[PDB]
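We begin with a single chain expressed as structure tokens, specifically the form deposited without the DNA.
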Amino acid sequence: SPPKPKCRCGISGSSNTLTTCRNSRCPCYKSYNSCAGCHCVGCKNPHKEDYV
């Protein structure tokens, strides 16, 4: 498994509707990772782990 960044988008950072984890203040998003193990609230992260 790749290095998984963790974020608290919602608890801190920037609470939003869609752009919570989808903005560049989210380390996961920026580093091409899903929010596995995060404390993000209202996480819309388009980086869903590519598992084919």
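We number the residues from 1 along the sequence you see.
There is another form of the same protein, the form solved in complex with the DNA; it is not shown, and what comes next is about it.
Q. Taking the shortest heavy atom distance, is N16 within 4.5 Å of the DNA in the bound PDB entry?
A. The answer is yes: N16 has a heavy atom within 4.5 Å of the DNA.
(Q) Can you tell me whether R25 touches the DNA? I mean in the bound PDB entry, with a 4.5 angstroms heavy atom cut-off. (A) Judged by the heavy-atom cut-off of 4.5 Å, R25 is in contact with the DNA in the bound PDB entry.
Q. Could you tell me if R8 has a non-hydrogen atom within 4.5 Å of the DNA in the bound PDB entry?
A. Yes, contact at 4.5 Å.
Q) Does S31 reach the DNA in the bound PDB entry, with heavy atoms at most 4.5 Å apart? A) Result no; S31 lies far from the DNA in the bound PDB entry.
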